[PDB]
């Protein structure tokens, strides 16, 4: 943090574990965010914010390990905190929390160094335009819109193969745009990680994006700290005037880490033992994301879902915090469909109305009705024979199973398994195909073509194939 | 006519079954709220008591 | 008419304190003897805001971290 | 193979480290590249152990009087 010569000593005052009581010169001390390092045997050690205490002594902490203490102790005080050397070279390259090129080191040269502590508000700064993010997602995006730089909530889970979703995003970023983003896991089963690295090789696209990962092998001070990192890092690219979105890890892991800190803080926890200020942290987090005037920062997150307590202050947060909703359904996929996502149960206030545009909200708004009907219908059938059913019911059943089927779609990235080249979706195209479809336009065609198919023109070609 | 009365009986009861069944789930959701207020509560007295044990 | 700027980052100084802050304004017209109107809500924020305050107070809160300041506050 | 000895009388010291105690071992084999497994139970006295200790330690308790060290511990 310092432009560093000297930086002095202090002594080590009172130490229980991470609790760092130590004392600097009587004259002055750097900020709590500001920080200092001391070579302890093998290595230097830097402890986190001291908070305010006396005699040049004040209270501090570190993610690293505390063994081998010494009463008298001397730390060279770093000054301008947190300066960190990111560079665009990072993409596809991995470092530790320290930027330590954690993996087989890519050796990762970096010309940028900046504190992650950087605020990122500015009044009136970002553009007033309110652009939507265009995903080319046959249902995710079509079924629901996406806003540029927008926050996105995640429902789905194990067995979702969310990475499939991610890879879809990979082809989606490059394919869609030059803009490229990276996310990082923290507090997580390692195997998943390495497998995902291999999966990056298989993906092969890993270059565009890279991250240190927390893996939950680690001490919290690190953990809770990690956020500011990514903040600064993307802050390269949105700072690059580039624009992007990164995935995010279990928050409850994060905020909860907040409490463990607060007990650590010795401070009175919030209620239900939250971090007494934990909201404030959320201020940091949610407050962080923005689509700048010159950049866009979107993201999605999956937080540890705690018993599905809606009473959850954390759920309060999410619900409060969330700008968008993911849903994925093992029953839904369990229809067999590639698309596990809950087709019902998707809402983005963003995607909603007219003024979100009408006709889209028309084929859309009724598409809801179709949903309802397939509910009632798919529902009611097993009860008894369908003979009584009005034709309209029947026809609905076809347009139903086949509309469903019609959703399923190929993916480029999917190729590695199957060679499926997939395609980038098109809104005019989509609204077209669906709208006509809704009318039962071209009612004659075979249902089987529609599942995992191409465009109404292309599936129309499959009618030729048919 | 006896018979019509009969099969009709079988079906009519059959229909009742569904609805009667369905109603309770709501109550169950309410109860869910009850263990919600309650989960809240144990969390609460426990919490107040936790401060209390901090003392 | 006008209204005042209030953001997530805003500190319980500004935050807990603020709606309270804005009050005296109407004393222009109201104190000019003129009717004047204002909307505010989400005051709940002010509560744990002011409660985080109370952690500072280190005073024991009540239910939901609450003091009676509400009344006073209210 | 060898099993640990763990007794009801066992001083809480041994108790609390006792699995963590256990850890160093297989690092022989695995670190020898040799392969191994071990049983784990819910010892779970450990919390009143390390913890009731922490009361002795005067330490602040976490939930169920027990700090997040479990995670840490785990």
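Counting starts with 1 at the first residue shown.
We read in the header that electron microscopy, 6.9 Å was used to get this structure.
Note: Cβ is positioned from N, Cα and C throughout, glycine not excepted.
Per the PDB entry, the feature expression tag maps to A:1-6. Here the expression tag (A:1-6) has long-range neighbours at 30, 34-36, 76-83, 115, meaning same-chain residues at least 6 beyond its ends whose C-beta is under 8 angstroms from one of its own.
If you take the C-beta of residue A:158 (ATP binding site) and look for same-chain residues 6 or more apart in sequence within under 8 angstroms, you find none. According to Swiss-Prot, the feature ATP binding site maps to A:156, A:157, A:158, A:159, A:160, A:161, A:162, A:163.
The C-beta environment of residue A:159 (ATP binding site), restricted to residues of the same chain at least 6 apart in sequence and closer than 8 Å, consists of A:330, A:333, A:340. With respect to Cβ neighbours within 10 Å, the binding-site residues A:156, A:161 differ, and A:161 shows the lowest count. Proximity to chain B (Cβ-Cβ under 8 A) holds for none of the binding-site residues A:160, A:161, A:162, A:163. Helix, strand and coil counts under DSSP for the expression tag (A:1-6) come to 0 helix, 0 strand, 6 coil. For residue A:160 (ATP binding site), other Cβ atoms within 10 Å of its Cβ number 19. Compared over the binding-site residues A:157, A:162, the count of CB atoms lying within 10 A of a residue's CB peaks at A:162. Shown in sequence order, A:164, A:165, A:328, A:340 are the same-chain residues outside A:156, A:157, A:158, A:159, A:160, A:161, A:162, A:163 whose Cβ sits within 8 Å of the Cβ centre of the ATP site.
Packing around residue A:163 (ATP binding site) is summarised by its Cβ count: 16 other Cβ atoms lie within 10 angstroms of its Cβ, all protein chains included.
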